[PDB]
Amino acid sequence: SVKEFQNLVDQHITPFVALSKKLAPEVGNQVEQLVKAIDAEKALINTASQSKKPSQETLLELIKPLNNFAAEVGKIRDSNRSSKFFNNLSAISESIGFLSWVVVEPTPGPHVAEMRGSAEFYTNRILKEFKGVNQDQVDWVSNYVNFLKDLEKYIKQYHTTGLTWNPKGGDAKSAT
């Protein structure tokens, strides 16, 4: 259920947001958009639990808010090359497509795993630089990597071959 998705946010994203704001202002701002995107994703999982799978045309419309937060995540990073936190900004900007697992079938889990590999290329740099030197950096990496690992496990149990829609539900081309 959606509570299991929120449990992942509570466990990993919560502390991650705080560490992000503590590390640097532009990392905090980029992660605020990731959090807004994650909230939108939770809402789409809930809508899908209540609705018949929509047409491809309708699906392309439902994903728009997510893609717009992804544009901003990428813009903040690409415009901050001269940040002392560029590897942190990259870990997120180069793996924000994990959000698109909701329109991937039959491999939403592998879609997230691909994006975790891209995040890790940068977070491995952060650990090499900061292990034993800045515990906030180390814990920031742990929270994001664990979030992606646990998101893949959530997908594998609850949306194994694709986001779970409801064949007896209402029309997705709706909202509230």
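Counting begins at 1, following the sequence as shown.
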| item | value |
| --- | --- |
| 167-175 or 1-9, whichever carries the higher mean Cα B-factor | 167-175 |
| Residue range whose averaged C-alpha B-factor is higher in the record, 47-55 or 27-35 | 47-55 |
| Deposited CA B-factor, highest of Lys64, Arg125, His111, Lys149 | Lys64 |
| Candidate set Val145, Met115, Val133, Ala40 [ranked by C-alpha B-factor, highest] | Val133 |
| Entry-reported Cα temperature factor of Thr107, expressed as the chain third it lands in | middle |
| Third of chain Cα B-factors occupied by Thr161 | lowest |
| Modelled-residue ranking by C-alpha temperature factor, third containing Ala119 | lowest |
